[PDB]
């Protein structure tokens, strides 16, 4: 009856399933695999990623310029799944920094920028490379 009660239940169930190597759905599997890849990336390349992330000085007037520039660097030489994971982790750090800095309004804009870049610039490579389903076979932990 209340959509939100159903979404709370589905979120919790998806979580407990993931903790045992199971997935609510294929999309839930892709989400969890990306979360974990982001954490792995962040841990393995902390030093380098801290260095580059700290070079950024976020403002509302320049946040898009910065996003655009990093992402084009990241994908200058083409696309891998590693670069894709880093792209997400980058977006996540930009959001956290924006919040830390009282620029919450950027979070929603960053999300949009990411979704656009993914839809317009990564989706063709993704799909030619066996889709997110393959990302999950390669890098997910799940029982699959």
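Superpose the two forms; the largest set of C-alphas matching within 1.5 Å is the rigid core. Residue numbers count along the first chain shown, from 1.
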I'd like to know which segment deviates more from the shown structure in 4 other deposited structures of this protein: 57 to 65 or 84 to 92, using C-alpha RMS over all structures and residues after a core fit.
57 to 65
Report the stretch with the higher root mean square CA deviation, pooled over structures and residues in 4 other deposited structures of this protein, choosing between 98 to 106 and 41 to 49 after a rigid core fit.
41 to 49
Averaging the C-alpha B factors as listed in the entry, name the stretch that ends up higher: 52 to 60 or 76 to 84.
52 to 60
Averaging the C-alpha B factors as listed in the entry, name the stretch that ends up higher: 105 to 113 or 39 to 47.
39 to 47
Identity of residue with top Cα B-factor, from 11, 133, 120, 128:
128
